[PDB]
Amino acid sequence: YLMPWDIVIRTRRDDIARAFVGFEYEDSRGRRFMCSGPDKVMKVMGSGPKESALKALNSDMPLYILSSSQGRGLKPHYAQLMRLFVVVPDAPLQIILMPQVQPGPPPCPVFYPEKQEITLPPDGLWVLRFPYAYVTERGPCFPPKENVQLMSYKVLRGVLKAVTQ
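Numbering (PDB author numbering), first residue to last: 794 to 804, 838 to 991.
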């Protein structure tokens with residue numbers, strides 16, 4: 794599922843446009859799930875998601891989360907944030923995408939696409955695919971080892987901005 798993002802157009839059902847957002851994690855076995863915040867795997871039982879996207883958009887989303895399966899092995903399985911889903915409504919607003927990723931603790935650099943600000947066209951279900959591996963001039967930013975604080979591996983808050991026209 795994707796989280797509802799209710800955007801106010803004018804400071838009636840006509841004053842609020844509804845977008846949808848989903849942060850997709852993928853594990854090494856190809857299992858996929860959406861998160862509704864840093865420590866919360868989204869689970870919908872019944873008539874759709876109750877959780878607002880505004881919480882996830884205003885928080886740093888972790889690049890790695892523990893996969894919800896106990897494998898028959900001693901090693902923790904991480905799922906990586908691989909995709910961002912965005913439903914842009916047909917409404918007088920601009921949705922701007924600004925993806926920034928920090929794949930490790932400071933002084934680790936921040937990675938971003940070659941186009942830093944991307945205005946998404948109206949009436950569209952869009953998917954941004956994040957890099958699988960991150961590499962600097964000093965070499966690769968390796969995935970977290972056993973005993974590393976996952977909070978240092980993150981997609982920075984503010985990945986999406988809405989601007990009313």
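C-beta: ideal position from N, C-alpha, C; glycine also.
task = Quick one: residues in its chain with C-beta nearer than 6 Å to the C-beta of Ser895, no 5 flanking neighbours on either side, listed in chain order?
result = none
key: Under 8 Å between C-beta atoms of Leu986 and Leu907   = no
ask   = Considering only the beta carbon of each residue, do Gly856 and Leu795 sit closer than 8 Å?
value = no
message = In whole angstroms, give me the CA-to-CA distance for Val870 and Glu852.
response = 18 Å
key: Three-state secondary structure assigned by DSSP to residue 831   = There are no coordinates for residue 831 in this structure, because the numbering of the chain runs from 804 directly to 838.
key: Among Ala917, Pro935 and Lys971, nearest to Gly950 - alpha-carbon criterion   = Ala917
key: Residue range of the beta strand (DSSP E) that includes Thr804   = Premise fails: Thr804 is in no beta strand (DSSP E) and is neither H nor E.
request  = In angstroms with no decimal places, state the Cα-to-Cα distance between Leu982 and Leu910.
outcome  = 13 Å
query = Who are the near neighbours of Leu919 in its chain, counting only those whose CB is closer than 7 Å to its CB and skipping five residues on each side?
reply = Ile800, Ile802, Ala843, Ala988, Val989, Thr990 and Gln991
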